[PDB]
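J.: Below is the sequence, then the experimental coordinates.
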Amino acid sequence: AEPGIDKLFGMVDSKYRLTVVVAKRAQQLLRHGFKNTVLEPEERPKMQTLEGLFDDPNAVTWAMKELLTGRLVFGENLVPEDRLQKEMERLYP
Amino acid sequence: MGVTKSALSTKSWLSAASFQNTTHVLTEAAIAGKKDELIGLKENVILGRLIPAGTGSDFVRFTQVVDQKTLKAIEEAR
Amino acid sequence: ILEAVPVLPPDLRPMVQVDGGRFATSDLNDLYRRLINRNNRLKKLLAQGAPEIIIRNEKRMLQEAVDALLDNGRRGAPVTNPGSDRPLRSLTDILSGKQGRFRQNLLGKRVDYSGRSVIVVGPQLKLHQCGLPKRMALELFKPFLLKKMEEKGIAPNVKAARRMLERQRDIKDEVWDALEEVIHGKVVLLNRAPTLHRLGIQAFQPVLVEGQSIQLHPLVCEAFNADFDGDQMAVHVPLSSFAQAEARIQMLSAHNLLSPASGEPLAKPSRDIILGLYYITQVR
Amino acid sequence: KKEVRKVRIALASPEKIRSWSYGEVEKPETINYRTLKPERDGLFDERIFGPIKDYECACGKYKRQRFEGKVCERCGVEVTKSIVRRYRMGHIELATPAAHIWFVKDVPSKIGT
Amino acid sequence: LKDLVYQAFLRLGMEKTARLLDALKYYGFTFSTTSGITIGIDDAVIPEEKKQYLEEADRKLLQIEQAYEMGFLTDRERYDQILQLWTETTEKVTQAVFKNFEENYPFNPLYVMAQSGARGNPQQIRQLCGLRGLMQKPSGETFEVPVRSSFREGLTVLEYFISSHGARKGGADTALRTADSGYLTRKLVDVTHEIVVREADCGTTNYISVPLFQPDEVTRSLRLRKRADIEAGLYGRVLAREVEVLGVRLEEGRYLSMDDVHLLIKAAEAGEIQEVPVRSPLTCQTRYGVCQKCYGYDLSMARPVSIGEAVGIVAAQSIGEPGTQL
Amino acid sequence: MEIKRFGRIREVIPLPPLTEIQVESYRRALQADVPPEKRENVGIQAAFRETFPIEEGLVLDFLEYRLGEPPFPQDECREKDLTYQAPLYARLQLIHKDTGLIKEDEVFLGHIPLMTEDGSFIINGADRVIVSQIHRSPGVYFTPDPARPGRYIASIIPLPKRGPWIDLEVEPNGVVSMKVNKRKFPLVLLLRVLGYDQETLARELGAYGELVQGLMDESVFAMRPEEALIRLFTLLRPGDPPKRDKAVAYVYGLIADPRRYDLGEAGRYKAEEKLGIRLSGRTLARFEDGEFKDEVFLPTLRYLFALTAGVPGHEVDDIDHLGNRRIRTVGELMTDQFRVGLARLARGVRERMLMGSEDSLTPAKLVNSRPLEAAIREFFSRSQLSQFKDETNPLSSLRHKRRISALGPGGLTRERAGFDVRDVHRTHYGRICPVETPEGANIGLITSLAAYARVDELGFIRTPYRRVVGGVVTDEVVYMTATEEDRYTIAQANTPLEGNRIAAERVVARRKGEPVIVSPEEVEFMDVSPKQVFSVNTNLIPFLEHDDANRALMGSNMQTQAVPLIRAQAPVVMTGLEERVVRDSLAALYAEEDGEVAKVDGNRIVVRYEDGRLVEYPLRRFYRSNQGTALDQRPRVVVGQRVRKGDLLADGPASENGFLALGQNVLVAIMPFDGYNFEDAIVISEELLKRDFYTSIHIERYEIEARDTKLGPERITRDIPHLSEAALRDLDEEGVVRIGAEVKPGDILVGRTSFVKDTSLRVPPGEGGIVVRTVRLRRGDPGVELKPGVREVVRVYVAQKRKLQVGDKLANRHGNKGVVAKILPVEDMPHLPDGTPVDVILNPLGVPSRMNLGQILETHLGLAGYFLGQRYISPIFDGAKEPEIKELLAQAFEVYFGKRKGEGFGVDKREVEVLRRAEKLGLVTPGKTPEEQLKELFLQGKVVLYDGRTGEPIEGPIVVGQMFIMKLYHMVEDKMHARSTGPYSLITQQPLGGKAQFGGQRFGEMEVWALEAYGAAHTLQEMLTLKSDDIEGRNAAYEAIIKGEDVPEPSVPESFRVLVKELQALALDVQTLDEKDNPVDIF
DNA sequence: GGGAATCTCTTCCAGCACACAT
RNA sequence: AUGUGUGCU
DNA sequence: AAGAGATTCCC
Ligand SMILES: [Mg+2]
Ligand SMILES: [Zn+2]
Ligand SMILES: [Zn+2]
């Protein structure tokens, strides 16, 4: 099993929608610094050697645990193509 | 018509170029400006492009996701 | 009727040194060779003299020499001088055939990051996961492990980490712990011998298990019809974060609990399980 | 033009045949045994096809990336990696027209019909 | 167990069913080893009435045989006679194998396996304790002398030989078709790779009526369609017009769960509806592809089929997988 | 140790020398034994005179032939890539039409492979063997007509391929059609050729069925003596009517086209014994004065009418009655190829008469050395029929020779016709095993010969049958043919007998191949022993009568791949064939003559023959098998002991004191255990490793060649140009690594360089091990082949001993395969009340669905075997039964329990609990004392067992006992793949190579459809390009992961942009339009 | 102008292995 | 790199 | 190699 996937599949129209959402989320979450997360204070994924999952082990786990809360919104067209790419690299390292 | 007889004559020449006699599927389709509608999987796989289904479906392929921290920044100069 | 002959790009026809000094050139260079030989012999010819036999015979030779380049095997069979009676692989052959550019991706291609071994029952693990021997986990996930070895005090830089795993006795605790930190949520694809239906390849989370055989969960056997009597299975790693994302969502075993063919559970209790349950739930 | 949608095939005119070509293979020359460099404007010449090397040109007037899309003043060498070598086509101007055996030899003669 | 996993799948979810399944896999093992279930030579308890089921058979044929020698029945007829005798006899002894357990040895290590979903088979257990039947000759005919012995007791030399005939045939019937596993999925893929569910709904309203009655079992007699068949023709489909039957009104264009079909058959028994209107790929408007409503349910789970699924390949495979079983 | 036999059917005759089909056939296939003037015309010699007098002035003649002394010995050919052949001399003279007689004896016109005393031929430095072949025997036959079950057709097969295929059919109209080659014509005309009057014909055929009116006629058509020839030629060979037909006479005559199968053997005996009456000469020709004569034709006609009419003694042939299908043995294959070559030689001598100068030309002008060489060389190395000798264990090697294959030269069996041919016909009984057929595809097309069965020159299989005098059994063994067997009533070997007299009013028997119960008078023959039904492997399976035919097959087929264990035990329950198997398979070494022992070394055994002779015996320790296993001969007698003639002195790779040791005897408890024995998986005790139980020795042979290139002469030296001395620490010899060194995946085995970069030989990603032998064939080589261009070869034998690890494949004789799942330590393993733990745990769920209760019994007897320390011999169908096993168990129980009851211990509380539950179960009898309850349980093979990891007794008694389990030839280290990124190829970018990586896994259409059906487009495309062929993106990802970034996707599909170019090479144009039709760049 | 016969071209199947051969 | 053969699935 | 389709020849 995975972090509440039934909530995730129901969360979208098609099952593939969820996959693309999660994927792209992970991508931007890794490319523009792992800081642009939407649940980093206390309710966040952790690991077992140290609690150091707080930085950058897995990309997808984060995306799935994030979507679980109403912090992100998917959809067809939301933001202009280039502008998004620009500002998402500006606001973060 | 039979299943193999069916698939023997798909419009998309890209597909028939693999199974059927290639030199023929190309010679015959060349004389008539045949638009290969890149839709069939087998057809669209010979090239490399993501298969037109699942995570590659147009209905899903073009989707974005953002948070409010960026949504606001974009919201301003809109 | 083409009066200009399009020549293929270089590397698509590699004139390459092999070993000792052997040179493998794709037969295409050899074909393009005689083409120029006749062509130039034709253009220069029209300048000096112009005999009918000479020039006409020349035209025929050209028309044939270009056909050789296009579709070899329709008129005799142009051969490299006594050493190999084989016909030179023409441009037409570079496409048509089992090993061409049409039947190419459809059925072939050997994957890179991968492996295989003998399947074994995997009692002490869940559907979500599978048992994959240490050596494999290390080899398959080599570069990830390199970078994570750099992130910590396991190796100075990338190269030092590359040399760090060179000999088989270097694998210390640090490297293994790192190797656990390089997977966590990552999943691998396990492939059956004859792949038949959709549920013929599943995604499991790798567990670093000792032994040398792939450990596989009991319940997902009847899916891709596997028994433990010599069977083998292959393994891949969906590298891209996108590939990972889709793999652990739509290709993960615990998510595919019903057969696309019919609304029946295909991960139902099988042999031993049912026995054990039936034994305790009957009256005397 | 950023999204490839569908793909059409058709016969190509002499002009179109030459449109993809960046020069004429006016020699049957491949590679010298001594210098593995290309020969006499034949099948491997950088002028028509591409720079045998990476980003470096023929002689060496321009040698790095800073001037990525520039041609050398004295010899024609525009440079990406050895990819522009493997991507660019050249051609051959036959003295006498010749027909495509594909359209000649076929179960239905594409020309005899 | 299977039905339970299915119901719990649609009631508690998918991720939950995972945990449930693994719990079963655990406890089931753990108890399968405490149980002390094992196969001993005695475990294959042979029916007590064996000798009599044979006796009454022998003393039967003794008469029948004589009827031939006098000139009553013909060659064909007696050939069929021996057939009926032994076919009835074997099937009769089977009942003895399975009943003797249920009466005097309820938890028989060989019986609990064959009874539950463990390894075991009715006519197979009939061979360990009861006797093997008549064997197939090398031709389409059968030996008039059945292997009158069981695998537990000494199966005699000659019997083994008249058994090997069919024994080797089996190997052909399986191992030859082990190569044909990539043939039908192949031919079916070549034409179905273009089909995919990339639409929400189509502008059409064409359906078909799946027969809940079979007109052709006897010469021409209409009756209840097979329990199994109907389920595969209605499960997870979409109606074309609202239909009320047992008392509840089935929504128009609704994704039918299995129970929908259940009460539909229970309604068909009382003579309510004869057929059911249903959307199908057979009548989709989408040139290349099928729409969500027209396809139906299946999505490795009981959910509305996701928009974008490669249903062509999936179906071709679904038809290809059990091709080798035929 | 010791034994207790059970078999009570007195084996009247010992089993034949198992390897005779390969040996005797070959010995008879050449006159190298007896002088060139003696008998035995057949074989090579025959082949001579069939194409020897090549009359044209050209008349050669068979003036004796001799060879036999090989270039190089048995072992030396194995080390130096050679053949155990012999230079073919043969004495050959020429006689011209005119005067003058020039002769020149010996001509090196080729070589010829000999055979070891075991049955193989070392070809090209590799032990190979040519199996036998079954095929329809050339002769006259009568089978039903395809479309009409009313009339029948005749058939006259004559091998080889060149040679007609005659069929006689009575056309429904009435006329009888002669079918020659394929074409048809009035047969009456050919009847007229031979000189048949309408009257005599009317007589002979008219005899019965009126059907003669269909042929006898042709008044206007058959009123011409010699003209039938001239007319036949016109109607058969479109051309000119002179004497060409009178010459074709010979073609459907003798010498040429028709079969040269002697006057008496194949054609004769088959024809007569089946149909017709007479054969006058090899085939149909007698031409005293140009005229014709015939014998086979007219009986053929006669028998045809007989069948298509009344009942002149039931005339029906069965296509695959086996009494119609010969068996080309090895010598027949060899001799046939020899004939084929001789023919080509004769074509050469036919050609050369034109290139002659004067008269004499016997030696160097006519007879050449290319045809014969072509015949004999190609065969022993290209024939589908000759293969690698399967030498996993001695038994395997033995079986491989005793096998019969249908697949052959194609003129007899194809590979697109089966299902019906594969079926066990009736006459395979005693002749061919109805079990041995290798499962999987190609099943039925291969069948091993039965035990006692043997070929009788003529080809057909004969079975040993004990005839009987009315009521009493005769001690005469008649070997009957399949066709002769039907003509009798034979009883089974289980029938009760008083010394030699029948003692049962009703006797089980079998008439023309069917179960019939008769009286002691109608018995005429009797099967020797039930052991004659099955091939030897099946006969190495105890309690077979309690196994399914399907399981028994696997059981019989498992032994062929049983790896020779260093400490291999004999089966605790065996059949008796073991002792015979080791000796007949030439596994171990025995004594040749009585005497005492001189010197028992680990390399020799010297024997004290009374005749003042001590003959030297080698005892060879580590000789690499053809498969990879290791063959070791270890001594079994101590110095100062008197041995007898025919007694063992040493053991083979798979023997224990003379018994076929193909595995281990392990105390098995059959019960489910957690999930570890799920499906067919097997649980195993750690103890089995602590005492080297399942340990093998595999010797991997590596090699390198020294090709002398012109761009740079390669050579082997102790020099590796670039980096370390540490890697050269093992390099002892000047170029060769030391013997006894430890090599590991990546370690340097050989040192050599080419044009200077290192191109040496290192140890593959698999595993090295410990070096045992280093063979080096240099330039100054005292008589070797050596590959062209190569100067010298360096072969290294790297051995290693492998223990039983999780993942290895284990199985038994009854046919239960199963890979090892877990090796639980001794403490947490199910153990008896005695301190003794169990070795192997086998799931009971594997039993009922396969109906092989053989394991169950082997285990049962195995219990008593364990506690009495005495193995057993239980013959196939006359071995041990329930009462005997149970009775022995009662005996062992007294040891196992008397020890405790005596020592000061009694019934454990746990035992009592288990008994209490067993009462409710139904096993024990309610009432008895706990001791007697335990007795009742022990009788049933079952015994109280403790969980081991808890102490809690397993509630419910489980059957335990030692069974025979063998480690199969598969291992896991032999098959282990795990490479992420390594070498590729210059010609194809798809990843494979064995430097530091194994090789990339194959990703077929089956897998691609799976990915597509999942809809995992990203993964799939990533799989087809990024990780396979797309070089441009491969390095992208490889650079991405190193830095830690996400894997970049391929923007422009590589295999697409390349296809664009490959398509633009022609006059074709691939336009990549946009969404609304507009050109789009790709580069 | 149609029908039949003959010749030529194309299809040619699930996975890994180990072999050898060309 | 293709064919033959066998082994396992 | 076997089967299917196309082409050519004869009626
Ligand atoms: Mg299996
Ligand atoms: Zn320059
Ligand atoms: Zn639709």
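T.: All right, it came through fine. Numbering: from 1, shown residues only, chains lettered A, B, ... in the order given. Ligands and ions are numbered 1, 2, ... in the order given.

J.: CA only for contacts and neighbour counts going forward, please
T.: OK.

J.: For the residue of chain A found nearest chain E, which non-adjacent residue is spatially closest?
T.: Residue of chain A nearest chain E, by Cα to the nearest Cα: residue A:14 (4.3 Å). For residue A:14, ignoring the flanking residues on the chain, the nearest one in space by Cα to Cα, 6 or more residues apart in numbering or on different chains is residue E:306 at 4.3 Å.

J.: how close does whichever residue of chain A sits closest to chain D sit to residue C:91?
T.: With Cα to the nearest Cα as the measure, residue A:81 is the residue of chain A nearest to chain D, at 13.1 Å. According to Cα to Cα, to the nearest Å, residue A:81 and residue C:91 sit 42 Å apart.

J.: residues from the stretch 101-250 of chain C in reach of chain B?
T.: Remark: the part of the stretch 101-250 of chain C in contact with chain B comprises C:101-106, C:246, using Cα under 8 Å from any Cα of the partner chain.

J.: Make TSV from these and add distance to ligand 3 to it.
T.: Converted to TSV, those look like this (distance: Cα to the ion, whole Å):
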residue	distance to ligand 3
C:101	35
C:102	32
C:103	32
C:104	34
C:105	31
C:106	29
C:246	26
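
J.: Most neighbours among those, which one?
T.: Neighbour counts for those (other Cα atoms under 10 Å in any protein chain shown) peak at residue C:246, which has 29 neighbours.

J.: Just the CA atoms of whichever strand or helix holds that one, as CSV, please.
T.: Per DSSP states H and E, residue C:246 falls inside helix C:241-250. What follows is helix C:241-250 as a C-alpha-only set of coordinates in CSV (Å, rounded to 0.1, in the frame of the first residue of the first chain):
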residue,chain,number,x,y,z
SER,C,241,11.1,10.8,-11.6
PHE,C,242,8.2,10.6,-14.0
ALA,C,243,8.8,6.9,-14.6
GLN,C,244,9.1,6.4,-10.8
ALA,C,245,5.9,8.4,-10.2
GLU,C,246,3.8,6.3,-12.7
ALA,C,247,5.5,3.1,-11.6
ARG,C,248,4.6,3.3,-8.0
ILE,C,249,1.1,4.5,-8.8
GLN,C,250,-0.2,2.4,-11.6
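
J.: Against which helices or strands is that helix packed?
T.: Packed against helix C:241-250, as judged by 3 or more Cα pairs under 8 Å, 6 or more residues apart in numbering or on different chains; DSSP states H and E, are the following elements: helix A:15-31, helix A:60-67, strand C:201-209, helix F:1017-1021.

J.: for it, which positions count as buried?
T.: For helix C:241-250, burial by neighbour count (16 or more other Cα atoms under 10 Å in any protein chain shown) applies to C:241-250.

J.: contact partners of that helix?
T.: A:15-16, A:19-20, A:22-24, A:26-27, A:59-60, B:55, C:186-187, C:203-204, C:238, C:255-256, F:1014, F:1016, F:1018-1019, F:1022, F:1046-1047 (Cα atoms under 8 Å, 6 or more residues apart in numbering or on different chains).

J.: Stretch F:987-999 and chain B, are they touching?
T.: No: Stretch F:987-999 lies apart from chain B when judged by Cα under 8 Å from any Cα; the minimum separation is 15.5 Å.

J.: which residues sit in contact with residue C:136?
T.: Contacts of residue C:136 (Cα under 8 Å, 6+ apart): C:115, F:977-979.

J.: What's the separation between the residue nearest to the spatial centre of chain F and ligand 2?
T.: Centroid-nearest residue in chain F, with Cα atoms, centre = their mean: residue F:400, separated by 3.6 Å. According to Cα to the ion, to the nearest Å, residue F:400 stands 71 Å off from ligand 2.

J.: next one: residue F:39
T.: 89 Å.

J.: and that residue, which of the three is it?
T.: Using DSSP: H, G, I helix; E, B strand; the rest coil, the structure places residue F:39 in coil.

J.: again, but for residue F:702
T.: strand.

J.: Could you give the bridge partners of the closest residue to it other than its chain neighbours?
T.: The spatially closest residue to residue F:702, leaving aside those adjacent along the chain, is residue F:796, at 5.1 Å (Cα to Cα, 6+ apart). Bridge pairing for residue F:796 (DSSP bridges) gives the partners residue F:702, residue F:774.

J.: so residue F:796 makes contact with residue F:704?
T.: No: if you go by Cα atoms under 8 Å, residue F:796 and residue F:704 don't touch, sitting 9.0 Å apart.

J.: More neighbours: the two, which one.
T.: Of the pair residue F:796 and residue F:704, residue F:796 is the one with more neighbours under other Cα under 10 Å, namely 22 against 19.

J.: Could I get the contacting residues of that one?
T.: F:701-703, F:771, F:773-775.

J.: now it: how far from residue F:717?
T.: Distance, residue F:796 to residue F:717, using Cα to Cα: 15 Å.

J.: Can you show me the helices along chain B?
T.: Ranges of helices within chain B are B:3-7, B:13-16, B:22-31, B:41-45, B:58-61, B:68-76, based on DSSP state H.

J.: Going by proximity to chain A, name the top residue of chain C.
T.: For chain C, Cα to the nearest Cα, closest residue to chain A: residue C:242, 4.8 Å.

J.: contacting residues for residue 81?
T.: No chain was given, so I picked chain A. If a contact means Cα under 8 Å, 6+ apart, then residue A:81 has no contacts.

J.: The intended chain is chain E.
T.: Residue E:81 sits in contact with residue E:64, where contact means Cα under 8 Å, 6+ apart.

J.: ok, now residue C:95?
T.: B:22, C:101-102.
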